[PDB]
Structure formats: C-alpha cells, structure tokens
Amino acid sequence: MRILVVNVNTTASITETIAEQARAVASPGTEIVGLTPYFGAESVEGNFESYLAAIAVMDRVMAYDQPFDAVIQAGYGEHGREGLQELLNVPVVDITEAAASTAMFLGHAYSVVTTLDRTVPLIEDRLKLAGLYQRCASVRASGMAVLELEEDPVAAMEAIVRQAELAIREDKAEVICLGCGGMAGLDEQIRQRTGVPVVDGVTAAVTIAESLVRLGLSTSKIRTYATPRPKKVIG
C-alpha cells in the first residue's frame, strides 16, 4: 500500500525526518511518501498558522497525482484533519489522535509533552474534540523554541524529560505522548529515564493507517464527512 505522510510546516528537513521514522515501522509492502506543503509557516505555532497549515496540507494532498491508500497529518495539535476526511475517500489519521488513542491502551491516564506553551490549548482543544481528552492527565510545554532541538539536542532532551517527570509525579500520567513530530525517535531516551511507555504519534499513526487499510475501513461519507457538494469555489 501507499501512505502519504504530510508535514504541517514547510521545513523540508522535518518532512524527511518524519518520513524516515515512518519508514522504520512500516510493514513490508508499505510505501511511505513524505510531502511538504507548498505554503505555510516553517514551524506551525498558534491558531493563525494552524489554520493556514490546515489548507496548506489539503492543497498538498489534492496536488499529489498518484493513487494512495491513507493519509497521515504529521502535526501535533493542528487543524485540518476533518477537511481531509471530507476531501478523501481513504482513511485519514492525525498524529495527535494516533498518540493519545494508542496511549489509552497502555495506562490509566496519559500526558502530552509539547514544545511551546502557547500550543498547549490548541492540543487540548484538538483532543477534547476528538473525544480523547477524558484520560489526558495534562498537556505540558517543555518551553524550547521549536528549532533548538537540532542546535542543543541535550538542553532539549532535558527540558522534555523534566515535563515528563512533572506529568508522572504531579498529574499522575502513566504514559507520555510526544508532542511535536520534530521529537520522533526520542522516545526510548524518555522511556529510559522515566520508567513509562512513551508514544510517538508518527509511528503510532503508521500502524493505525496500515490497520484501517488492512481492515477495509475508510472515512464514513454518510453525513459530516460527505463529499463536498460540487459548487462554485474560487481560488
């Protein structure tokens, strides 16, 4: 099968890293295609940039010419999932929901550790909408400005594990979810350091996407995600 894995931000280096991580868990016969949107912010930080990224991602998927069997939106706490669901006749998985949903099988309560404080309420709102928030102990920001993870990977790792530890100790999280795709593959280190399973939405999304295809499942087109009624649309 073919799975499109779309970055929500325009940074080509992040697309390839995410895609690589998707390729490391993909099943035999699964082809992962990483896609960079044509427009949008280099890192998606806030409501404005999130809504720009929602249509950036859908523009990017609707440009792809080859057949494909699933789409993964590779961004934590951003908009657009639902619009993809309407546009496409294949399953869509967003990594936010892939992480929280897989975490819920593992523990009484899960926490998410993201980058910026200002992205906490967007991630919270995404999960509440998904109906996944009941078992979320908290969504916590490490505080590192997105691009520093390649500059100081040590200061980053430390800031992240400090939040993981507060979530386990104060919020009673039993599993940690990564909260920017740019965190893919750092999960073993966080596990080594906390003694809890640590879910990476990128890899979790691949398995859920692969599963829905194996099960013959796709978005319901009955109501909310009906194909859009063809009409006059500009631009």
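So that there is no doubt, residue numbering starts at 1 and follows the sequence shown.
Visitor: If you take the mean CA temperature factor per stretch, which one wins between 132 to 140 and 159 to 167?
Guide: Looking at the record's C-alpha B-factors, the answer is 159 to 167.
Visitor: Tell me which of 90 to 98 and 113 to 121 has the higher mean C-alpha B-factor in the deposited entry.
Guide: Taking the mean B-factor of the alpha carbons in each, 113 to 121 is higher.
Visitor: Hey, out of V199, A173, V206, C180, whose CA B-factor is highest in the deposited coordinates?
Guide: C180 has the highest C-alpha B-factor of those listed.
Visitor: Going by the CA temperature factor in the entry, name the top one among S211, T219, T224, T11.
Guide: Answer, based on the entry's C-alpha B-factors: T11.
Visitor: Which third of the chain does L127 land in by C-alpha B-factor: lowest, middle or highest?
Guide: Within its chain, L127 is a middle-third residue by C-alpha B-factor, going by the deposited values.
Visitor: Could you say whether, by C-alpha temperature factor, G77 belongs to the lowest, middle or highest third of its chain?
Guide: It falls in the middle third of the chain.
Visitor: If you rank every modelled residue in this chain by C-alpha B factor, which third holds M58: lowest, middle or highest?
Guide: Answer is middle: the recorded C-alpha B-factor places it there.
Visitor: Among the modelled residues of its chain, does the C-alpha B-factor of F48 lie in the lowest, middle or highest third?
Guide: Tercile = middle for this residue's CA B-factor.
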